[PDB]
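In: coords please:
(chains A, B, C and D)
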Amino acid sequence: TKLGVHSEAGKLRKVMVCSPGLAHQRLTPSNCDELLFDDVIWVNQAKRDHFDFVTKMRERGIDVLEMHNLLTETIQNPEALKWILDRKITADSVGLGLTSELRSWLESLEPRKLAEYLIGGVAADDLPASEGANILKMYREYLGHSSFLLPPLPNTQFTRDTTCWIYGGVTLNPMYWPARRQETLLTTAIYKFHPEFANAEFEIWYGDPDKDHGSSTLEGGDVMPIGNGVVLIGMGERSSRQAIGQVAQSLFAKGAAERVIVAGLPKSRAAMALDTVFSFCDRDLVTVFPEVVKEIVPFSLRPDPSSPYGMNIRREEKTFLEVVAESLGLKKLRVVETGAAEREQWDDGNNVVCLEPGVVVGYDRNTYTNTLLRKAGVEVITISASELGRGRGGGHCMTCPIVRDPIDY
Amino acid sequence: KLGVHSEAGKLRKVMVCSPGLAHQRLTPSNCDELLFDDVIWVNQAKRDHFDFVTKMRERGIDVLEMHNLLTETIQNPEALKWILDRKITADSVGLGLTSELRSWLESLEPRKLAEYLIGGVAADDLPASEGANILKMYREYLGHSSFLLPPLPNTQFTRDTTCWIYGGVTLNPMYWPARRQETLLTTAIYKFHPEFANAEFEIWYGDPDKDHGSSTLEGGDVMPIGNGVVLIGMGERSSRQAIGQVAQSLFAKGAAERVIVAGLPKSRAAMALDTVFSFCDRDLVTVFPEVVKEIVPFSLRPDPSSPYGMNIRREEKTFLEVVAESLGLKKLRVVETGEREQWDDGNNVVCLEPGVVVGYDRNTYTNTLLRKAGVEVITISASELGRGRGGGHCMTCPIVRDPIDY
Amino acid sequence: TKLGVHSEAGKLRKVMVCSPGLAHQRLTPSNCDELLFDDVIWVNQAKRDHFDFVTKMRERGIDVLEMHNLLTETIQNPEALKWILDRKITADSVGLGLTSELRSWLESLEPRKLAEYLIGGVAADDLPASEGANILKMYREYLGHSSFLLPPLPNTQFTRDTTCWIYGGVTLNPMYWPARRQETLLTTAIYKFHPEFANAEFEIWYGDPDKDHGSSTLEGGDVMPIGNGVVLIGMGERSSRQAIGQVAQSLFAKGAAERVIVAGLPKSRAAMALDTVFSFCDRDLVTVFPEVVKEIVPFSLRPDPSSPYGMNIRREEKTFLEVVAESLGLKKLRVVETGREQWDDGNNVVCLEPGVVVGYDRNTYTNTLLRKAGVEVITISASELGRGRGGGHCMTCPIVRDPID
Amino acid sequence: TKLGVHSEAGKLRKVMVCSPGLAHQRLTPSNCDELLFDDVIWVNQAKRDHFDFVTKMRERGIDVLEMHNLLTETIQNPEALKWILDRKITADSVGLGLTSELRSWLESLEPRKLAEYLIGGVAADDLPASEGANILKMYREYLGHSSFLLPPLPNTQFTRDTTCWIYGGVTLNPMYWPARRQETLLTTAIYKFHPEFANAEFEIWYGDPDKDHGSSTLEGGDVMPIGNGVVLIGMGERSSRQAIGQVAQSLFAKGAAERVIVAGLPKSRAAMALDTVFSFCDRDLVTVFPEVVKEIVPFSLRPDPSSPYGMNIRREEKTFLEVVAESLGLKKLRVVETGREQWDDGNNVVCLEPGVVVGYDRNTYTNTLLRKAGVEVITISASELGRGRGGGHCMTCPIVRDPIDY
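Out: Residues are numbered from 1 along each chain as shown, chains lettered A, B, ... in the order given. I have put the structure below:
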């Protein structure tokens, strides 16, 4: 079976998502900063709205895959579980006085239940009584130490971050913050072992949860197949150039793409992922955070045999939207601006995900922006941002397209 | 024979590293990115450092400067291939500049090469090219850093990345990934340099080629104090994943009988043991009361009825009484820091031998209590080296130091 | 008539609240910190959740007064408006290049709008085209400077903060951040000129908007009338002893109170108002954040004739709760500790009457426990109003509440 | 000569400075953050670096006034002691059960002692044993409260900030922050009561301790009477537009200045005060921090009888440097740029006279440039004094400096 994503707006057929879970249940106001998450959310309500999100997509024929289901299914294949535990439970990871115990107990659990733990972390208290466990209990008691052997991963919720389907293949992203590489470990397990992938046909363009990668980091929110052989990769805090460079070579090498357009975010706005300030809604329509998007320096990177490293990159003086426009054959793109005329209040309606050309899913709260999408012709299906929103992520961040068709450019 | 057998014993061989190029590249905008408090005065820092160095040599200590060692190591082609093969990859430099950075480095005169390896290399140092130019373009227009090879100003603190523990040394996996680059350099040195290659010594833990994950260790936390005992501070930068493993290895070669895990409280977990607790004599320690009284001590011992061949108990006593009894002592003479003219932190001095310590010129009170309690306190200037947070102890990596009759 | 708050759990008859409004319409992520507010909220949806709040209170028969409405009736009285303006529009606040315009203009608007601008702030664009407002637009465009003639005051939403009703008198609070004393001005105006306050009988224990209070600050979530001449007051980072001492003295001096129990909040915690880690739900039932409440040092401050300054202080050895328990004539208070599913902070509910309290819907656990404890919990949504860091208790200013014994 | 500063570069005749002292002795790593200090400094070495600097001006003829010295003399006039105490010691500042104690005691001290404490702040421990100081020592003991009745005023050392002489008069500046409001009081008492000030003719252009001022703040570093009736006032985070326009209105009214050029800085909350980025070294010289100065937006403020508020603001079209030069009747200003061996920041030097500045020894690069441009650079140490974010200029309050065009 052919898996691949060939645009940003085209009809979406298979998307992978992750509902908030045990991970989020462990968020306290003090530990949410060092567990890489915005705030504490109402978990049971966040699940209900996510399920509402999952259903408004499914109701339209789209195949929607929840990470916990895939993981549960994957874990039943002994080989798969062993591949994950061998790399997740090590002396270096949990301490030599706990690997043995930790592993036997996780292996003693029902599939589903295990997935929940592989995703939401495992605490000292979750283990059966022991010396291993008790020693940890006192490090928390007497020194203030963390009581997580296996840390939660609430950010699994944003399936967009961890991996990226770029045409006929996927990247296994080396995550910027080391603790988030545990998420890639699991989505890689799924793609490597689960039946829906293990047989399917697709290329692995970059990544390896075994290697270290060093300063090569890459995050999903930065990558985009817009079609027409083009790929937009934002280069700021999380996506380094040493990665972006390899992804390009790898792609050019198999003719996946004819041009990688590197979108350089200025230091100031560099902590923002590209799909946070720039999103597609239709063949030629985008939402944009003006102040930022007008400051992006576009760089075209394309194939070149006259170079040893087989590539050419030229700075671009035309604006980013102009480069984007021209790389799609269009005279120019229409633009809706988010983040002062007749705005009733500040809203940030970037990060909607297209279900097909002209149909989009966004947040209820961005009424003003959502209104501008409809006057410009987009059907805007909304979900509640109340709990999912407190995550610094929208529809786009919460979806990972696996199968999406292209459009004529 | 290489080996550090106490904290107060007569010191004969130590490794230090003067500030240099890495510190010339400090900006007030990149301090934190590079993990360095503030921008020092380099030329003046090098003089103050040299003075510190000279004062030890005059006591007949064999002081080895990290740059000298590296320069001599990289004259060995094999030594150099080992390093660049790990330091210059697609992943660290980007596939567009691996050949031009490498060759260019290979073309320089040895000493200049070691200055660059430790001090970083920017886009402008390299001859004009496509790569160089785009790296520059990224700096100009996106404000991006433009280091093909980033500076390591913390090399100045040789105590951090490696530890000599009796007849052996740890190759410390650093909390910050950035600083594992320093461990790679010292490793090359202990591997190839003559001073080490032929020498006998065990490598207890660490390996610059592996990913230790959550295992991390910082020199300031380790102290082989004698009597087969090793103190290891446990906080933000030295984990139990790491410490547990160090203990197991030490115990597996009889290199030690017991490790006492100094549990630092969460408020002070950012502090390295050697920065709140430091020996000055056979039974004398400067101290940071507040923190030291809250350390939870843990005794680690070998136990054949343990799946990991170890045993652990929480000491009901204070950290100071536990250390005291570990060395056969009763009390521990203590000078406190943190009446007094002002505030001064006199922790972190380094002993050259019993009763002789090197400390900063600025901590007068603590300095005079140490002379009153019987210690010769050589003083060095803090105005630049001290902005860097580190003291005499953080600036020295003991290689050979004699034992003490405990 | 006669106004006054006489307990924390007694039947509530009159409360003042403030709805999110133009203030919050002005929140941007790059200013909601320098304007003090956890985050940008969905304004219109917060208005609805607040109205739902007012509604659940009104239907139980409580007289709910609204700051904008109250302010609006107030400034219709030219005297009242001239008093507020003379103090809010000066060269030290608006600047000498705008005082006559910004004033002339506000004065030409209808009461309901003028009032929205006083709570909502006023930007340079709002002012009628003038050389003055334009150089400010100029400073905004070129310098990235605030272009606000008058501030936004988003925290008016939390009415519990700026004034405290204690046994038949009120405290007009000296606020910590000077950029919040603007709130206290407006409420003083209301209590001064509005018909429901002008004529009613009540005292002014402490406070005055015309004075600079130096280090004496006071915050309402720290003040609680619990009953027989007792007043609890938190001593964090927002309520200073220089202020707590003068309120205590004035209270004693006037017969108003017999003992003030100073709640000593520990160093780390001293950033939380008392009602945030401690709240009443019934005659002998409170919610508490254990970590904090077990560490608070209680201090009894009583009147003393033989004292030069009329008072005496004794550090109590009983825990805060035993002390408060004994102060109320009780053997022990029941306690639902909050702060089984997930984390949640059920504190900060406001009693409507003994046993009935209004809280947030998200705190399932804590409310489930509170109901097992005999309390009927009416809940509202914390989705947007909750991004404010405060709950039902922070959002209400009791004006009339019956005793209990 | 009557009092009045008439330029930035002309001959310096009288200045006020303030050396480190008891306030800096009170700094501890746990509080130097509030009191605005990059780290604790070595107080006695700081005092020697301050004096040395005082001595380098004193030997060149400048009459240098020292704040502890002036306050001290000032204190000896009872009325002046009452004025201060009556405002520094209220129930609002110290509290009900301490007002009598602190005052009765303070008034027991000898002049040089009282001044010490006024600036260095009074603690609970300094008071005679009493219940009032004990209830205050209990809060510290059990809640962790501060021990300061009166808070230390270490920023006094930067006398540029709290008051400015602009031509024939001065401003009493309503400071931005909290741990700085109390300073202006002291210097206002010196200017009102002290002999050299009480009897001299001069105007108070703006300011008053006794009033609130709201969001009207002005900080000296931003004010520069550069002569030719032009006054320069930087507009950022501590100098508000409400104070600036009032200052120009009183100046324009008594015809002391003809134009006030507002240098409006771009945003950031890092403070960043005009003299820390733009400094005069000579009648046509100036040091500049490129990154920031090119971003400044010039605004001219001149008087206008017709207009309502007797002045009119017209934004400028050429850069900050061309408008300044143009306001001085100059073709262009020569500039030395700061921040090629290491990073440097040599702004903030202080002219003693045309072509003679005083800066820091650490900024060798910018200083060589400055000497090459015809200026004599006298140097002082930054080791401790520049740990406080200020140089010669932030450390001086000119009182008498002649007009340029000489």
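In: okay, now residue A:1: neighbour count?
Out: Using other C-beta atoms under 10 Å in any protein chain shown, residue A:1 has 10 other residues around it. Where you see a C-beta, it was placed from the backbone N, CA and C, and this is true even at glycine.
In: Nearest residue to it in space, please, no chain neighbours.
Out: residue A:200 (4.5 Å; C-beta to C-beta, 6 or more residues apart in numbering or on different chains).
In: Relative to residue A:78, how far out is the one you found?
Out: 21 Å (C-beta to C-beta, to the nearest Å).
In: quick one: stretch A:311-320 near chain B?
Out: Yes - Stretch A:311-320 lies within reach of chain B by C-beta under 8 Å from any C-beta of the partner chain, at A:311, A:313, A:315.
In: Neighbour-wise, give me the winner out of those residues.
Out: Among the residues of stretch A:311-320 next to chain B, residue A:313 has the most neighbours (other C-beta under 10 Å), with 21 neighbours.
In: and it, what is it in contact with?
Out: A:262, A:299-302, B:134 (C-beta atoms under 8 Å, 6 or more residues apart in numbering or on different chains).
In: next structured bit after the helix or strand harbouring it?
Out: Using DSSP states H and E, the element containing residue A:313 is strand A:311-315. Per DSSP H and E, the first helix or strand lying C-terminal to strand A:311-315 is helix A:320-327.
In: still on that earlier bit, tally of neighbours for the residue nearest to residue A:1?
Out: Using other C-beta under 10 Å, residue A:200 is surrounded by 16 other residues.
In: The one 3 residues further on now?
Out: Counted by other C-beta under 10 Å, the residues lying close to residue A:203 total 17.
In: And the helices in the stretch 101-250 of chain A?
Out: A:111-120, A:131-143, A:159-162, A:181-193, A:195-198, A:241-253 (DSSP state H, counting those that start in this stretch).
In: Save those as JSON lines, and put in distance to chain C and mean neighbour count too.
Out: Below are the helices of the stretch 101-250 of chain A laid out as JSON lines (distance: least, C-beta to the nearest C-beta, whole Å; neighbours: other C-beta atoms under 10 Å in any protein chain shown):
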{"stretch": "helix A:111-120", "distance to chain C": "11", "mean neighbour count": "20"}
{"stretch": "helix A:131-143", "distance to chain C": "14", "mean neighbour count": "18"}
{"stretch": "helix A:159-162", "distance to chain C": "21", "mean neighbour count": "27"}
{"stretch": "helix A:181-193", "distance to chain C": "21", "mean neighbour count": "22"}
{"stretch": "helix A:195-198", "distance to chain C": "32", "mean neighbour count": "15"}
{"stretch": "helix A:241-253", "distance to chain C": "28", "mean neighbour count": "22"}
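In: any chance of these in JSON lines, plus distance to chain D?
Out: Listed next are the helices of the stretch 101-250 of chain A as JSON lines, based on distance: least, C-beta to the nearest C-beta, whole Å:
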{"stretch": "helix A:111-120", "distance to chain D": "36"}
{"stretch": "helix A:131-143", "distance to chain D": "21"}
{"stretch": "helix A:159-162", "distance to chain D": "31"}
{"stretch": "helix A:181-193", "distance to chain D": "34"}
{"stretch": "helix A:195-198", "distance to chain D": "49"}
{"stretch": "helix A:241-253", "distance to chain D": "24"}
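In: The closest residue to chain B within the stretch 151-300 of chain A: how many residues sit nearby?
Out: Scanning the stretch 151-300 of chain A for the residue nearest chain B gives residue A:267, at 3.3 Å (criterion: C-beta to the nearest C-beta). Under the neighbour criterion other C-beta under 10 Å, residue A:267 is assigned a count of 16.
In: quick one: contacts for it?
Out: Residues in contact with residue A:267 (C-beta under 8 Å, 6+ apart) are B:142-144.
In: What is the neighbour count of residue A:222?
Out: 29.
In: residues touching the residue lying farthest from the centre of chain A, list them.
Out: No residue in chain A sits farther from the centre than residue A:131, which is 38.5 Å out by C-alpha atoms, centre = their mean. Listed by C-beta under 8 Å, 6+ apart, the contact partners of residue A:131 are residue A:97.
In: at 10 Å what do you get?
Out: For residue A:131, the contacting residues are A:97-98, A:101, B:306-307, B:311-312, by C-beta atoms under 10 Å, 6 or more residues apart in numbering or on different chains.
In: do the same with residue A:395
Out: When the contact criterion is C-beta under 10 Å, 6+ apart, the partners of residue A:395 are A:53, A:57, A:160, A:279, A:351-355, A:360-363, A:381-383, A:385, A:388.
In: In the stretch 101-250 of chain A, which residue sits nearest chain B?
Out: residue A:144 (3.0 Å).
In: on that earlier part again, would you list the phi and psi of the residue of the stretch 151-300 of chain A closest to chain B?
Out: phi -30, psi -50 (degrees, to the nearest 10).
In: Repeat that for residue A:66.
Out: For residue A:66, the backbone dihedrals (degrees, to the nearest 10) come out as phi -90, psi 130.
In: How about the residues of the stretch 1-150 of chain A by chain B?
Out: A:87, A:90-101, A:131-132, A:135-136, A:138-146 (C-beta under 10 Å from any C-beta of the partner chain).
In: and with 8 Å instead?
Out: A:90-97, A:100, A:135, A:138-139, A:142-145.
In: how does chain A divide into domains?
Out: For chain A, the structural domains run A:1-66+A:152-409, A:67-151, going by curated CATH domains.
In: Point out the most buried one among those domains.
Out: Between the domains of chain A, domain A:1-66+A:152-409 has the highest mean count of neighbours, a mean of 20, where neighbours are mean count of other C-beta atoms under 10 Å in any protein chain shown.
In: from the middle of its chain, how far away would that one be?
Out: The chain centre lies 6 Å from the centre of domain A:1-66+A:152-409; the measure is C-alpha atoms, centre = their mean, to the nearest Å.
In: Equivalent analysis for stretch A:113-125, please.
Out: Per C-alpha atoms, centre = their mean, the centroid offset for stretch A:113-125 relative to its chain is 21 Å.
In: Run through the residues that contact the nearest residue to residue A:73 once chain neighbours are set aside.
Out: In space, and not counting its chain neighbours, residue A:73 is closest to residue A:194: 6.0 Å by C-beta to C-beta, 6+ apart. Applying C-beta under 8 Å, 6+ apart, one finds that residue A:194 lies in contact with A:70, A:73-74, A:80.
In: just checking, which of those residues belong to helices?
Out: In this view, these that belong to helices under DSSP state H are A:70, A:73-74, A:80.
In: Mind picking the two most distant members of those residues?
Out: The distance between the two most remote of the ones in helices among the contacts of residue A:194 (C-beta to C-beta) is 10.7 Å, for A:70 and A:80.
In: Where do the strands of the stretch 251-400 of chain A begin and end?
Out: For the stretch 251-400 of chain A, applying DSSP state E, counting those that start in this stretch gives strands covering A:259-264, A:278-282, A:285-288, A:297-303, A:311-315, A:334-337, A:353-356, A:359-363, A:379-383, A:400-404.
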